[PDB]
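Starting off, we have a lone chain in the form deposited in one PDB entry, written out as structure tokens.
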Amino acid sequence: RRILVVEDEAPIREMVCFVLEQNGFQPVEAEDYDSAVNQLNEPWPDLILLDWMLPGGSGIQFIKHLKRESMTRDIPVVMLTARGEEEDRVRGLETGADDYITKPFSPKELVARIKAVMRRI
């Protein structure tokens, strides 16, 4: 299963890709809004793991991009972000995120939530 990992802090992104590799996934990297848009293409990701605060546009705006395009609107998105306030968790979910995980995170819970979401398609 391919996972688009969207995260601008390169050492965190690489750590996340390692956890995912070790858990059976094939991650692909995007470091900002525009890279995520461009990287979002064939071969399609099975899921998009998405930071909120990114150069060039937020992950909220990215979900709006995904959901506006009939070709991408069914691709699951799980947010993984330092924005932990209730208002933000609700905002992410309501925009279209299938789940929303806050930093710092447990690598076991991260993988468990991704696989839970993947079970639901």
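Between two forms, the rigid core is the largest collection of C-alphas that superpose within 1.5 Å. The numbering used is simple: start at 1 and walk along the sequence shown.
S.K.: Taking the mean of the C-alpha B-factors per stretch from the entry, tell me the winner out of 35-43 and 92-100.
M.R.: Between 35-43 and 92-100, it is 35-43.
S.K.: Look over 83-91 and 66-74 in the entry and identify the one with the greater average Cα temperature factor.
M.R.: According to the PDB entry, the answer is 66-74.
S.K.: Reading the B-factor column of the entry, which of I121, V6, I114, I3 has the highest value at its C-alpha atom?
M.R.: If I rank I121, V6, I114, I3 by C-alpha B-factor, first place goes to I121.
S.K.: Relative to the other modelled residues in the chain, which third contains the C-alpha temperature factor of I48: lowest, middle or highest?
M.R.: For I48, the deposited C-alpha B-factor lands in the lowest third.
The form deposited in another entry exists for this protein as well; it is not shown, and the discussion that follows is about that form.
S.K.: Does the distance between the two CA positions of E87 reach 2 Å or more between the shown form and the other one, the core being superposed?
M.R.: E87: C-alpha displaced by 2 Å or more between the shown form and the other one.
S.K.: Aligned on the rigid core, do the two forms place the Cα of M71 2 Å or more apart, comparing between the shown form and the other one?
M.R.: The answer is yes, as the C-alpha of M71 shifts between the shown form and the other one by 2 Å or more after core alignment.
S.K.: Knowing the shift is 3 Å or more, I'd like to know if the C-alpha atoms of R89 and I114 are closer or farther apart in that other deposited form than in the shown chain.
M.R.: Farther is correct, given that in that other deposited form the C-alpha spacing of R89 to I114 is increased by at least 3 Å.
S.K.: Which is it in that other deposited form for the CA atoms of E87 and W52, closer or farther than here, knowing they shift by 3 Å or more?
M.R.: Closer together, by at least 3 Å.
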